[PDB]
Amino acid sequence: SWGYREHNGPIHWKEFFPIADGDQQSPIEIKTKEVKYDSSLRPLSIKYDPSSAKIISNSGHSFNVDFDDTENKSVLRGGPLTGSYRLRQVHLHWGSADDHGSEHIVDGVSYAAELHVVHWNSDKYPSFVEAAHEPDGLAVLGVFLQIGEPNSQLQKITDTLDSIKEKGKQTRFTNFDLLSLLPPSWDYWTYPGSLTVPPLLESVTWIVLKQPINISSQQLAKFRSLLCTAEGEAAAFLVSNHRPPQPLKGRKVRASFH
């Protein structure tokens, strides 16, 4: 199955999910001179309940913090969105070097990593799985990480990693104040796109914050010590898990600010 190693990595995904070569694929290059300021975009309306976080797991592809998405305690509204998008899960993408780890790239700057906050449209769809197949179904908030001072909220995640080193492992994780993890400015870019992992469905309204948050180099390096292999299989490390930028194909990237 798919991964980020030589034989199964991004350049091969098109062979086994042809929508990899679709018209609305993510991530992208964000060219700030090409983006259009749009006065109809709204500020983000963000409500994240720290008690919504329940479990952290290693998928083999990243870690995932799963939130209880039974009801509307944690939702994203506003921004480019119509209606209410329910928080489902948080995960991270990084590279082998601090030099180049994010998925979206801004005027050629990669960041050290990129956090994705995944939400689904419960005002139109009954479940995440249904929403994931529709153009208006999902909203992802992307937040860049740059190397700087250690991040006390991220230290809570890094403290769990030894317990989920193998693919498939999980452990309880709650009291996670996602709202306080976001940067001071919520100015953003937005465009229509896709999941950045198989199945690569073109169901995502991307919301990428301009301002990065900081992480230390030692905290970021802990993520690379997760395995992409399960207990009992020959070990291989998830040292890098970001997809390259994909063609814009005529989409409009809009800015909430100017």
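Between two forms, the rigid core is the largest collection of C-alphas that superpose within 1.5 Å. Counting begins at 1, following the sequence as shown.
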| item | value |
| --- | --- |
| Rigid core superposition result in 9 other deposited structures of this protein, more deviant of 136 to 144, 173 to 181 by Cα | 173 to 181 |
| Comparing 237 to 245 with 5 to 13, the one whose average Cα B-factor in the PDB entry is higher | 5 to 13 |
| Stretch exceeding the other in mean C-alpha B-factor - 160 to 168, 94 to 102 | 160 to 168 |
| Candidate set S51, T196, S62, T190 [ranked by C-alpha B-factor, highest] | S51 |
| Residue with maximal Cα B-factor (values as given in the PDB entry) among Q218, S40, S26, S45 | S40 |
| Third of the chain, ranked by Cα B-factor, where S127 sits | highest |
| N72, C-alpha B-factor rank within chain (lowest, middle or highest third) | highest |
| Where the record places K210 (Cα B-factor, split into thirds across the chain) | lowest |
| Chain third (lowest, middle, highest) by recorded CA B-factor, residue given as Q89 | lowest |
| Third of the chain's Cα B-factor distribution that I56 belongs to, per the entry | middle |
